[PDB]
>>> print(open('structure-v4.cif').read())   # mmCIF, N, CA and C atoms
data_structure
#
loop_
_atom_site.label_atom_id
_atom_site.label_comp_id
_atom_site.auth_asym_id
_atom_site.auth_seq_id
_atom_site.Cartn_x
_atom_site.Cartn_y
_atom_site.Cartn_z
N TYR A 1 1.18 -8.70 58.37
CA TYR A 1 1.45 -9.85 59.21
C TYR A 1 1.51 -9.45 60.69
N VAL A 2 2.40 -8.52 60.98
CA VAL A 2 2.56 -8.04 62.35
C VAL A 2 1.52 -6.96 62.63
N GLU A 3 0.26 -7.38 62.60
CA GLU A 3 -0.83 -6.46 62.86
C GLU A 3 -0.68 -5.20 62.00
N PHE A 4 -1.21 -5.28 60.79
CA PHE A 4 -1.13 -4.16 59.87
C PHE A 4 -2.48 -3.43 59.78
N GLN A 5 -2.41 -2.17 59.40
CA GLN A 5 -3.60 -1.35 59.28
C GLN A 5 -3.90 -1.06 57.81
N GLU A 6 -5.17 -1.17 57.45
CA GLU A 6 -5.59 -0.92 56.09
C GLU A 6 -7.06 -0.48 56.05
N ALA A 7 -7.31 0.59 55.32
CA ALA A 7 -8.65 1.12 55.20
C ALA A 7 -9.16 1.52 56.59
N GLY A 8 -10.03 2.53 56.60
CA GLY A 8 -10.60 3.02 57.84
C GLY A 8 -11.93 2.33 58.15
N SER A 9 -12.81 2.35 57.16
CA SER A 9 -14.11 1.73 57.30
C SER A 9 -13.97 0.33 57.89
N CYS A 10 -14.96 -0.06 58.68
CA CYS A 10 -14.95 -1.37 59.31
C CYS A 10 -16.19 -2.14 58.83
N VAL A 11 -15.96 -3.40 58.48
CA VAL A 11 -17.04 -4.25 58.01
C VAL A 11 -17.56 -5.10 59.17
N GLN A 12 -18.78 -4.81 59.58
CA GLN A 12 -19.40 -5.54 60.67
C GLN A 12 -20.70 -6.20 60.20
N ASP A 13 -20.59 -7.48 59.87
CA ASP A 13 -21.74 -8.23 59.41
C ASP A 13 -22.13 -7.75 58.01
N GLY A 14 -21.29 -6.89 57.46
CA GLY A 14 -21.54 -6.35 56.14
C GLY A 14 -22.03 -4.90 56.22
N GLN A 15 -21.72 -4.27 57.34
CA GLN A 15 -22.12 -2.89 57.56
C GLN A 15 -20.89 -1.98 57.64
N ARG A 16 -20.87 -0.98 56.78
CA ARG A 16 -19.76 -0.04 56.74
C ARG A 16 -19.95 1.04 57.80
N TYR A 17 -19.10 1.00 58.81
CA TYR A 17 -19.16 1.97 59.89
C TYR A 17 -17.87 2.78 59.97
N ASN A 18 -17.97 3.93 60.62
CA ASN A 18 -16.83 4.81 60.78
C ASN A 18 -15.93 4.28 61.89
N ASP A 19 -14.71 4.79 61.92
CA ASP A 19 -13.74 4.38 62.93
C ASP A 19 -14.16 4.95 64.29
N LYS A 20 -14.28 6.26 64.33
CA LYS A 20 -14.67 6.94 65.56
C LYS A 20 -16.05 6.44 66.00
N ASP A 21 -16.78 5.91 65.03
CA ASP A 21 -18.11 5.39 65.31
C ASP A 21 -18.01 4.23 66.30
N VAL A 22 -19.07 4.07 67.08
CA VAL A 22 -19.11 3.00 68.07
C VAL A 22 -20.45 2.27 67.96
N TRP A 23 -20.37 0.95 67.96
CA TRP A 23 -21.56 0.12 67.87
C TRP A 23 -21.50 -0.92 68.99
N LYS A 24 -22.67 -1.20 69.55
CA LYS A 24 -22.77 -2.17 70.63
C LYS A 24 -23.49 -3.42 70.12
N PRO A 25 -22.67 -4.46 69.80
CA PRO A 25 -23.21 -5.71 69.30
C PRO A 25 -23.85 -6.52 70.44
N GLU A 26 -23.22 -6.44 71.60
CA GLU A 26 -23.71 -7.16 72.76
C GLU A 26 -23.82 -6.21 73.96
N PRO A 27 -24.86 -6.46 74.80
CA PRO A 27 -25.09 -5.64 75.98
C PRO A 27 -24.08 -5.97 77.08
N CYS A 28 -23.23 -6.94 76.78
CA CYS A 28 -22.22 -7.37 77.74
C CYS A 28 -20.84 -7.06 77.14
N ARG A 29 -20.82 -6.88 75.83
CA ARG A 29 -19.59 -6.58 75.13
C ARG A 29 -19.81 -5.45 74.12
N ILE A 30 -18.89 -4.50 74.14
CA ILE A 30 -18.97 -3.36 73.24
C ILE A 30 -17.88 -3.48 72.17
N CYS A 31 -18.17 -2.92 71.01
CA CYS A 31 -17.22 -2.96 69.91
C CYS A 31 -17.08 -1.54 69.34
N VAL A 32 -15.89 -1.25 68.85
CA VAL A 32 -15.62 0.06 68.28
C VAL A 32 -14.50 -0.07 67.24
N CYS A 33 -14.64 0.71 66.17
CA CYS A 33 -13.66 0.70 65.10
C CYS A 33 -12.63 1.79 65.38
N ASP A 34 -11.88 1.59 66.46
CA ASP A 34 -10.86 2.54 66.85
C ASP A 34 -9.62 2.34 65.97
N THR A 35 -9.21 3.43 65.34
CA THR A 35 -8.05 3.39 64.47
C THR A 35 -8.32 2.50 63.25
N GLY A 36 -9.59 2.42 62.89
CA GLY A 36 -10.00 1.61 61.76
C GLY A 36 -10.04 0.13 62.13
N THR A 37 -9.73 -0.14 63.39
CA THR A 37 -9.72 -1.51 63.88
C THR A 37 -10.89 -1.74 64.84
N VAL A 38 -11.55 -2.87 64.67
CA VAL A 38 -12.68 -3.22 65.50
C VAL A 38 -12.18 -3.80 66.83
N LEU A 39 -12.05 -2.92 67.81
CA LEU A 39 -11.58 -3.33 69.12
C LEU A 39 -12.78 -3.58 70.04
N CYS A 40 -12.89 -4.82 70.49
CA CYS A 40 -13.98 -5.21 71.37
C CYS A 40 -13.43 -5.37 72.78
N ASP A 41 -14.07 -4.70 73.72
CA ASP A 41 -13.66 -4.77 75.11
C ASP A 41 -14.86 -5.13 75.98
N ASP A 42 -14.57 -5.86 77.06
CA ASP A 42 -15.62 -6.28 77.98
C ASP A 42 -16.30 -5.04 78.56
N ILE A 43 -17.52 -5.25 79.04
CA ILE A 43 -18.29 -4.16 79.62
C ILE A 43 -17.99 -4.09 81.12
N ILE A 44 -17.11 -3.17 81.48
CA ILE A 44 -16.73 -2.99 82.87
C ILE A 44 -17.61 -1.91 83.49
N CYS A 45 -18.48 -2.34 84.39
CA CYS A 45 -19.38 -1.42 85.06
C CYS A 45 -18.70 -0.92 86.34
N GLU A 46 -19.32 0.06 86.96
CA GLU A 46 -18.79 0.63 88.18
C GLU A 46 -18.53 -0.47 89.22
N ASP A 47 -17.66 -0.15 90.17
CA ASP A 47 -17.32 -1.10 91.21
C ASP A 47 -16.26 -0.48 92.13
N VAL A 48 -15.60 -1.35 92.88
CA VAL A 48 -14.56 -0.90 93.80
C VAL A 48 -13.23 -0.81 93.06
N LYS A 49 -12.17 -0.59 93.83
CA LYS A 49 -10.84 -0.48 93.26
C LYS A 49 -9.99 -1.65 93.73
N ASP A 50 -9.52 -1.55 94.96
CA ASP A 50 -8.69 -2.59 95.54
C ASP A 50 -9.30 -3.96 95.21
N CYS A 51 -10.48 -4.20 95.77
CA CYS A 51 -11.17 -5.46 95.54
C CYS A 51 -10.15 -6.59 95.66
N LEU A 52 -10.45 -7.69 94.97
CA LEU A 52 -9.57 -8.85 95.00
C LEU A 52 -9.43 -9.40 93.58
N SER A 53 -10.52 -10.00 93.10
CA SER A 53 -10.53 -10.58 91.77
C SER A 53 -11.89 -10.34 91.11
N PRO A 54 -11.84 -10.15 89.76
CA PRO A 54 -13.06 -9.92 89.00
C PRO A 54 -13.86 -11.21 88.83
N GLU A 55 -15.16 -11.09 89.08
CA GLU A 55 -16.05 -12.24 88.96
C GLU A 55 -17.45 -11.78 88.55
N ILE A 56 -18.02 -12.51 87.60
CA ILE A 56 -19.35 -12.19 87.11
C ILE A 56 -20.38 -13.00 87.89
N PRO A 57 -21.31 -12.25 88.55
CA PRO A 57 -22.36 -12.89 89.34
C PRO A 57 -23.43 -13.50 88.43
N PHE A 58 -23.49 -14.82 88.45
CA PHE A 58 -24.46 -15.54 87.65
C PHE A 58 -24.33 -15.17 86.17
N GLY A 59 -25.15 -14.22 85.75
CA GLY A 59 -25.13 -13.76 84.37
C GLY A 59 -25.44 -12.27 84.28
N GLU A 60 -24.38 -11.49 84.10
CA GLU A 60 -24.52 -10.05 84.00
C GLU A 60 -23.80 -9.53 82.75
N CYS A 61 -23.28 -8.32 82.86
CA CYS A 61 -22.57 -7.70 81.76
C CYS A 61 -21.33 -7.00 82.32
N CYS A 62 -20.97 -7.39 83.53
CA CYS A 62 -19.80 -6.81 84.19
C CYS A 62 -19.01 -7.93 84.84
N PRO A 63 -18.07 -8.51 84.05
CA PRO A 63 -17.24 -9.60 84.54
C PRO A 63 -16.16 -9.07 85.49
N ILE A 64 -16.61 -8.39 86.53
CA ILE A 64 -15.70 -7.84 87.52
C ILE A 64 -16.33 -7.95 88.91
N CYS A 65 -15.58 -7.50 89.90
CA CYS A 65 -16.05 -7.55 91.27
C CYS A 65 -16.64 -6.18 91.63
N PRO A 66 -17.96 -6.19 91.94
CA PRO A 66 -18.66 -4.97 92.30
C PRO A 66 -18.29 -4.52 93.72
N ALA A 67 -18.69 -3.30 94.04
CA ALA A 67 -18.41 -2.75 95.36
C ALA A 67 -19.68 -2.80 96.21
N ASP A 68 -19.83 -3.91 96.92
CA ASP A 68 -20.99 -4.10 97.78
C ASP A 68 -20.83 -5.40 98.56
N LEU A 69 -20.53 -6.46 97.83
CA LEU A 69 -20.35 -7.77 98.45
C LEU A 69 -18.87 -7.95 98.82
N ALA A 70 -18.65 -8.26 100.09
CA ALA A 70 -17.30 -8.46 100.58
C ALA A 70 -16.49 -7.18 100.39
N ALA A 71 -16.78 -6.20 101.24
CA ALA A 71 -16.08 -4.93 101.18
C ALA A 71 -15.12 -4.82 102.36
N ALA A 72 -14.04 -4.08 102.13
CA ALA A 72 -13.04 -3.88 103.16
C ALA A 72 -13.32 -2.57 103.90
N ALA A 73 -12.72 -2.45 105.07
CA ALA A 73 -12.89 -1.26 105.89
C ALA A 73 -12.47 -0.03 105.08
#
>>> encode(input="structure-v4.cif", output="C-alpha cells")
Amino acid sequence: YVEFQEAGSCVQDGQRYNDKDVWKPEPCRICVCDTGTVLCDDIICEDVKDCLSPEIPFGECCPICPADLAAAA
C-alpha cells in the first residue's frame, strides 16, 4: 500500500527487463527500472543554473530553460 517493492524484473509492455537496465521509451522521457521500480524522469538537457524558470521551447525534449536566451551577466 505505502509503496511496496516486489520482484526485481520490470514489465514494460510485456518485456522483462533488468533493474539496473535502462530503456528509453520516449526521446523526451527516459525510463529505468531502478530498485526494481520503473522510474521515469524528464529529459533534462544541458543549460544554465541560476536561470529563472524551466520552459520547453515549442517542442523539444528538455522542459527546462537553456543557457543562451535571456542570460545574466
>>> closest_residue(input="structure-v4.cif", among="A:67, A:39, A:28, A:33", to="residue A:16", atoms="only C-alpha atoms")
A:33
>>> atom_distance(input="structure-v4.cif", atom1="atom CA of residue A:37", atom2="atom C of residue A:13")
15.1 Å
>>> select_by_dssp(input="structure-v4.cif", residues="chain A", states="strand (DSSP E)", output="list in words")
residues 10, 11, 16, 17, 22, 23, 29, 30, 31, 32, 33, 34, 37, 38, 39, 40, 41 and 42 of chain A
>>> resolve_selection(input="structure-v4.cif", expression="the PyMOL selection byres (((chain A and resi 20 and name CA) around 8) and name CA)", output="compact mmCIF listing (two decimals) with N, CA and C atoms, in the coordinates of the input")
# COMPACT_ATOMS: atom_id res chain seq x y z
N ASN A 18 -17.97 3.93 60.62
CA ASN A 18 -16.83 4.81 60.78
C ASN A 18 -15.93 4.28 61.89
N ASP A 19 -14.71 4.79 61.92
CA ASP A 19 -13.74 4.38 62.93
C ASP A 19 -14.16 4.95 64.29
N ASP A 21 -16.78 5.91 65.03
CA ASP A 21 -18.11 5.39 65.31
C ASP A 21 -18.01 4.23 66.30
N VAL A 22 -19.07 4.07 67.08
CA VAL A 22 -19.11 3.00 68.07
C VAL A 22 -20.45 2.27 67.96
N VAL A 32 -15.89 -1.25 68.85
CA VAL A 32 -15.62 0.06 68.28
C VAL A 32 -14.50 -0.07 67.24
N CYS A 33 -14.64 0.71 66.17
CA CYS A 33 -13.66 0.70 65.10
C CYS A 33 -12.63 1.79 65.38
N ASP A 34 -11.88 1.59 66.46
CA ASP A 34 -10.86 2.54 66.85
C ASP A 34 -9.62 2.34 65.97
N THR A 35 -9.21 3.43 65.34
CA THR A 35 -8.05 3.39 64.47
C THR A 35 -8.32 2.50 63.25
>>> atom_distance(input="structure-v4.cif", atom1="atom C of residue A:14", atom2="atom CA of residue A:27")
20.0 Å
>>> residues_around(input="structure-v4.cif", residues="residue A:64", least_positions_apart="6", cutoff="10 Å", atoms="only C-alpha atoms", output="ChimeraX atom specification")
/A:42-48,51-57
>>> write_last_selection(input="structure-v4.cif", atoms="N, CA and C atoms", output="PDB file, in the frame of the given file")
ATOM      1  N   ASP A  42     -14.570  -5.860  77.060  1.00  0.00           N
ATOM      2  CA  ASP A  42     -15.620  -6.280  77.980  1.00  0.00           C
ATOM      3  C   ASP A  42     -16.300  -5.040  78.560  1.00  0.00           C
ATOM      4  N   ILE A  43     -17.520  -5.250  79.040  1.00  0.00           N
ATOM      5  CA  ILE A  43     -18.290  -4.160  79.620  1.00  0.00           C
ATOM      6  C   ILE A  43     -17.990  -4.090  81.120  1.00  0.00           C
ATOM      7  N   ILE A  44     -17.110  -3.170  81.480  1.00  0.00           N
ATOM      8  CA  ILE A  44     -16.730  -2.990  82.870  1.00  0.00           C
ATOM      9  C   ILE A  44     -17.610  -1.910  83.490  1.00  0.00           C
ATOM     10  N   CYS A  45     -18.480  -2.340  84.390  1.00  0.00           N
ATOM     11  CA  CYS A  45     -19.380  -1.420  85.060  1.00  0.00           C
ATOM     12  C   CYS A  45     -18.700  -0.920  86.340  1.00  0.00           C
ATOM     13  N   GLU A  46     -19.320   0.060  86.960  1.00  0.00           N
ATOM     14  CA  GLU A  46     -18.790   0.630  88.180  1.00  0.00           C
ATOM     15  C   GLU A  46     -18.530  -0.470  89.220  1.00  0.00           C
ATOM     16  N   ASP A  47     -17.660  -0.150  90.170  1.00  0.00           N
ATOM     17  CA  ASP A  47     -17.320  -1.100  91.210  1.00  0.00           C
ATOM     18  C   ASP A  47     -16.260  -0.480  92.130  1.00  0.00           C
ATOM     19  N   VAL A  48     -15.600  -1.350  92.880  1.00  0.00           N
ATOM     20  CA  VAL A  48     -14.560  -0.900  93.800  1.00  0.00           C
ATOM     21  C   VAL A  48     -13.230  -0.810  93.060  1.00  0.00           C
ATOM     22  N   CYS A  51     -10.480  -4.200  95.770  1.00  0.00           N
ATOM     23  CA  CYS A  51     -11.170  -5.460  95.540  1.00  0.00           C
ATOM     24  C   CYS A  51     -10.150  -6.590  95.660  1.00  0.00           C
ATOM     25  N   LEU A  52     -10.450  -7.690  94.970  1.00  0.00           N
ATOM     26  CA  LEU A  52      -9.570  -8.850  95.000  1.00  0.00           C
ATOM     27  C   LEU A  52      -9.430  -9.400  93.580  1.00  0.00           C
ATOM     28  N   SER A  53     -10.520 -10.000  93.100  1.00  0.00           N
ATOM     29  CA  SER A  53     -10.530 -10.580  91.770  1.00  0.00           C
ATOM     30  C   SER A  53     -11.890 -10.340  91.110  1.00  0.00           C
ATOM     31  N   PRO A  54     -11.840 -10.150  89.760  1.00  0.00           N
ATOM     32  CA  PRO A  54     -13.060  -9.920  89.000  1.00  0.00           C
ATOM     33  C   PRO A  54     -13.860 -11.210  88.830  1.00  0.00           C
ATOM     34  N   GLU A  55     -15.160 -11.090  89.080  1.00  0.00           N
ATOM     35  CA  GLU A  55     -16.050 -12.240  88.960  1.00  0.00           C
ATOM     36  C   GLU A  55     -17.450 -11.780  88.550  1.00  0.00           C
ATOM     37  N   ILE A  56     -18.020 -12.510  87.600  1.00  0.00           N
ATOM     38  CA  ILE A  56     -19.350 -12.190  87.110  1.00  0.00           C
ATOM     39  C   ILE A  56     -20.380 -13.000  87.890  1.00  0.00           C
ATOM     40  N   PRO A  57     -21.310 -12.250  88.550  1.00  0.00           N
ATOM     41  CA  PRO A  57     -22.360 -12.890  89.340  1.00  0.00           C
ATOM     42  C   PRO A  57     -23.430 -13.500  88.430  1.00  0.00           C
TER      43      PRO A  57
END
>>> closest_residue(input="structure-v4.cif", among="A:9, A:23, A:49, A:41", to="residue A:66", atoms="only N, CA and C atoms")
A:49
>>> resolve_selection(input="structure-v4.cif", expression="the PyMOL selection byres (((chain A and resi 72 and name CA) around 9) and name CA)", output="PyMOL selection string")
chain A and resi 50-51+70-71+73
>>> atom_distance(input="structure-v4.cif", atom1="atom C of residue A:58", atom2="atom CA of residue A:40")
20.6 Å
>>> build_atoms(input="structure-v4.cif", residues="stretch 17-42 of chain A", atoms="N, CA, C and O atoms", output="mmCIF file, in the coordinates of the input")
data_model
loop_
_atom_site.group_PDB
_atom_site.id
_atom_site.type_symbol
_atom_site.label_atom_id
_atom_site.label_comp_id
_atom_site.auth_asym_id
_atom_site.auth_seq_id
_atom_site.Cartn_x
_atom_site.Cartn_y
_atom_site.Cartn_z
ATOM 1 N N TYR A 17 -19.100 1.000 58.810
ATOM 2 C CA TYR A 17 -19.160 1.970 59.890
ATOM 3 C C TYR A 17 -17.870 2.780 59.970
ATOM 4 O O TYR A 17 -16.833 2.364 59.458
ATOM 5 N N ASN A 18 -17.970 3.930 60.620
ATOM 6 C CA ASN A 18 -16.830 4.810 60.780
ATOM 7 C C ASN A 18 -15.930 4.280 61.890
ATOM 8 O O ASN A 18 -16.343 3.429 62.679
ATOM 9 N N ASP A 19 -14.710 4.790 61.920
ATOM 10 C CA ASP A 19 -13.740 4.380 62.930
ATOM 11 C C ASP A 19 -14.160 4.950 64.290
ATOM 12 O O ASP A 19 -14.347 4.198 65.245
ATOM 13 N N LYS A 20 -14.280 6.260 64.330
ATOM 14 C CA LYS A 20 -14.670 6.940 65.560
ATOM 15 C C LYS A 20 -16.050 6.440 66.000
ATOM 16 O O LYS A 20 -16.405 6.549 67.169
ATOM 17 N N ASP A 21 -16.780 5.910 65.030
ATOM 18 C CA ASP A 21 -18.110 5.390 65.310
ATOM 19 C C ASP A 21 -18.010 4.230 66.300
ATOM 20 O O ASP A 21 -17.004 3.526 66.331
ATOM 21 N N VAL A 22 -19.070 4.070 67.080
ATOM 22 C CA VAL A 22 -19.110 3.000 68.070
ATOM 23 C C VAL A 22 -20.450 2.270 67.960
ATOM 24 O O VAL A 22 -21.504 2.900 67.885
ATOM 25 N N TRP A 23 -20.370 0.950 67.960
ATOM 26 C CA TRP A 23 -21.560 0.120 67.870
ATOM 27 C C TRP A 23 -21.500 -0.920 68.990
ATOM 28 O O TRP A 23 -20.431 -1.426 69.319
ATOM 29 N N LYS A 24 -22.670 -1.200 69.550
ATOM 30 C CA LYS A 24 -22.770 -2.170 70.630
ATOM 31 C C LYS A 24 -23.490 -3.420 70.120
ATOM 32 O O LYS A 24 -24.711 -3.441 70.033
ATOM 33 N N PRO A 25 -22.670 -4.460 69.800
ATOM 34 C CA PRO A 25 -23.210 -5.710 69.300
ATOM 35 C C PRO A 25 -23.850 -6.520 70.440
ATOM 36 O O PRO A 25 -24.864 -7.180 70.236
ATOM 37 N N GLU A 26 -23.220 -6.440 71.600
ATOM 38 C CA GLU A 26 -23.710 -7.160 72.760
ATOM 39 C C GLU A 26 -23.820 -6.210 73.960
ATOM 40 O O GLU A 26 -23.002 -5.303 74.119
ATOM 41 N N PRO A 27 -24.860 -6.460 74.800
ATOM 42 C CA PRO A 27 -25.090 -5.640 75.980
ATOM 43 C C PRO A 27 -24.080 -5.970 77.080
ATOM 44 O O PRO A 27 -24.097 -5.359 78.144
ATOM 45 N N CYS A 28 -23.230 -6.940 76.780
ATOM 46 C CA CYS A 28 -22.220 -7.370 77.740
ATOM 47 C C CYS A 28 -20.840 -7.060 77.140
ATOM 48 O O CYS A 28 -19.851 -6.988 77.867
ATOM 49 N N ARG A 29 -20.820 -6.880 75.830
ATOM 50 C CA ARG A 29 -19.590 -6.580 75.130
ATOM 51 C C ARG A 29 -19.810 -5.450 74.120
ATOM 52 O O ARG A 29 -20.776 -5.471 73.366
ATOM 53 N N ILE A 30 -18.890 -4.500 74.140
ATOM 54 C CA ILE A 30 -18.970 -3.360 73.240
ATOM 55 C C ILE A 30 -17.880 -3.480 72.170
ATOM 56 O O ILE A 30 -16.827 -4.070 72.424
ATOM 57 N N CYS A 31 -18.170 -2.920 71.010
ATOM 58 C CA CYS A 31 -17.220 -2.960 69.910
ATOM 59 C C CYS A 31 -17.080 -1.540 69.340
ATOM 60 O O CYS A 31 -18.037 -0.765 69.367
ATOM 61 N N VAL A 32 -15.890 -1.250 68.850
ATOM 62 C CA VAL A 32 -15.620 0.060 68.280
ATOM 63 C C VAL A 32 -14.500 -0.070 67.240
ATOM 64 O O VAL A 32 -13.569 -0.845 67.411
ATOM 65 N N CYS A 33 -14.640 0.710 66.170
ATOM 66 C CA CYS A 33 -13.660 0.700 65.100
ATOM 67 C C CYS A 33 -12.630 1.790 65.380
ATOM 68 O O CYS A 33 -12.525 2.762 64.641
ATOM 69 N N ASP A 34 -11.880 1.590 66.460
ATOM 70 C CA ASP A 34 -10.860 2.540 66.850
ATOM 71 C C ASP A 34 -9.620 2.340 65.970
ATOM 72 O O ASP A 34 -9.087 1.240 65.881
ATOM 73 N N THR A 35 -9.210 3.430 65.340
ATOM 74 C CA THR A 35 -8.050 3.390 64.470
ATOM 75 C C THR A 35 -8.320 2.500 63.250
ATOM 76 O O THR A 35 -7.397 1.923 62.685
ATOM 77 N N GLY A 36 -9.590 2.420 62.890
ATOM 78 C CA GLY A 36 -10.000 1.610 61.760
ATOM 79 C C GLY A 36 -10.040 0.130 62.130
ATOM 80 O O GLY A 36 -10.337 -0.719 61.289
ATOM 81 N N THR A 37 -9.730 -0.140 63.390
ATOM 82 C CA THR A 37 -9.720 -1.510 63.880
ATOM 83 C C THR A 37 -10.890 -1.740 64.840
ATOM 84 O O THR A 37 -11.172 -0.896 65.695
ATOM 85 N N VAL A 38 -11.550 -2.870 64.670
ATOM 86 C CA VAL A 38 -12.680 -3.220 65.500
ATOM 87 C C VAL A 38 -12.180 -3.800 66.830
ATOM 88 O O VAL A 38 -11.919 -4.998 66.924
ATOM 89 N N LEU A 39 -12.050 -2.920 67.810
ATOM 90 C CA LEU A 39 -11.580 -3.330 69.120
ATOM 91 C C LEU A 39 -12.780 -3.580 70.040
ATOM 92 O O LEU A 39 -13.563 -2.672 70.303
ATOM 93 N N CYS A 40 -12.890 -4.820 70.490
ATOM 94 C CA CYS A 40 -13.980 -5.210 71.370
ATOM 95 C C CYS A 40 -13.430 -5.370 72.780
ATOM 96 O O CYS A 40 -12.447 -6.092 72.986
ATOM 97 N N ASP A 41 -14.070 -4.700 73.720
ATOM 98 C CA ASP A 41 -13.660 -4.770 75.110
ATOM 99 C C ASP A 41 -14.860 -5.130 75.980
ATOM 100 O O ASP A 41 -15.989 -4.761 75.676
ATOM 101 N N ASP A 42 -14.570 -5.860 77.060
ATOM 102 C CA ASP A 42 -15.620 -6.280 77.980
ATOM 103 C C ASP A 42 -16.300 -5.040 78.560
ATOM 104 O O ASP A 42 -15.719 -3.956 78.579
#
